[PDB]
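Below, each chain spelled out in residue letters.
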Amino acid sequence: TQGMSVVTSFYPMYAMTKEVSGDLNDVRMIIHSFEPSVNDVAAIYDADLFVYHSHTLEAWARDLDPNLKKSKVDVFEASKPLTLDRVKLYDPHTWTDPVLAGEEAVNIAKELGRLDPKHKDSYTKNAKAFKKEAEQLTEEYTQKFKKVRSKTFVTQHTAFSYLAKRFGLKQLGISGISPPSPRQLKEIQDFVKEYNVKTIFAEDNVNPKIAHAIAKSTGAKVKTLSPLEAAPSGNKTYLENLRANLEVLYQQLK
Ligand SMILES: [Zn+2]
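To continue, consider unusual backbone geometry. Omega for the peptide link from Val87 to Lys88 comes to 20°, which places this bond in the cis form. Here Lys88 is to be found in the loop between strand 4 (74–77) and helix 3 (98–115). One non-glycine residue, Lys88, lies in positive phi territory at about 120°. In this structure, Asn196 takes a positive phi of about 50° despite not being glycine.

As structure tokens, then:
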């Protein structure tokens, strides 16, 4: 409507762009196994800016060909300047590390500014505030995590490896990069005991029966920890949502 038409692949892309773009543009949203519908694709070609995270995640972003469709959408890989770790094929889940969520918002600002130079400074300022909020979050939880009685946890999938590097914590996913054999089940329960883990973290929108069973047979409590891959209910900013989840983690490792 007003300003540029911006499309994004999934919640962390949507929320970072939205906060960095402030009230200037039109920001909309369209995961490991997701293919765009014919409507999604049409709406990408129709946009000025489509923001996705990594071709290691939304692999389909590469099949887009604005040249053929005589469209002028700018296909934009927001995590390019980020070094990704190998599994562990790379682990895409950088967004749950507050610092790295920062670098990526800063990057999305840069691109918005290329597309629309008049408000360049404005994108920049919003990115800086986001960055500086991410750093207050990193610090607060750097303090909090060095005084917990349990530094290890298990999550429904391997989505928190970056969050875990950042806070000196150890994680294991029941599934891997994407949402487990009989051996793996056994290995997970052994990991739980070797490290004495008191909470298995399910995620909403993935069937929790396997986490409950592991927890049951292992003396551990199931709880919920969101990779922020699906959009959260409510009206919190990206980092408010990331904070609430760091805090579930700490309440449980406390
Ligand atoms: Zn994931």
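Turning next to the nonpolar core. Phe145, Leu169, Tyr238 and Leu249 are the most contacted members of the largest nonpolar core, which has 45 residues in total. Mapped onto this core, the elements with two or more residues apiece are helix 1 (11–21), strand 3 (49–52), helix 3, helix 4 (120–145), helix 5 (161–166) and helix 8 (238–253). Among the domains, domain 1 (1–148) and domain 2 (149–254) are the pair contributing at least three residues each to this core. Core analysis: the second largest hydrophobic core is formed by 14 residues, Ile174, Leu185, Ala215 and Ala220 among them.

Moving on: the sheet that holds strand 7 (residues 199–202). Across the sheet, which stays open at both edges, the 4 strands sit in the order 6-5-7-8 with parallel pairing between neighbours. At either margin of the open sheet sits one strand with a lone partner, and together these are strand 6 (170–175) and strand 8 (221–224). Here the strands of the sheet are splayed against their neighbours by 30° on average, with no regard to which way each runs. Across 2 bridges, strand 5 (residues 152–157) lies against strand 7 in parallel orientation. Residue pairing in the sheet places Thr155 in a bridge with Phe201 of strand 7. Packed on one face of the sheet, helix 8 meets strand 5, strand 7 and strand 8 and runs near 160° to strand 7.

Rules of the game
- Residues numbered from 1 in each chain as written, not as in the entry; some residues may be left out.
- Heavy atoms only, no water.
- Residues with missing side-chain atoms left out of burial classes, pairs and counts.
- Helix = DSSP H or I, 4+ residues; strand = E, 2+ residues; numbered from the N terminus.
- Core = buried A, V, L, I, M, F, W, Y, C linked by side-chain atoms within 4.5 Å.
- Buried < 20%, exposed > 50% of the residue type's maximum accessible area, 1.4 Å probe, protein only.
- Domains from an automatic or database assignment.
- Pairing = 2+ DSSP bridges.
- Axes fitted to C-alpha atoms, helices over the stretch in contact; angles between N-to-C directions.
- Contact = heavy atoms within 4.5 Å.

Limitation: the analysis is restricted to geometry and does not speak to function.
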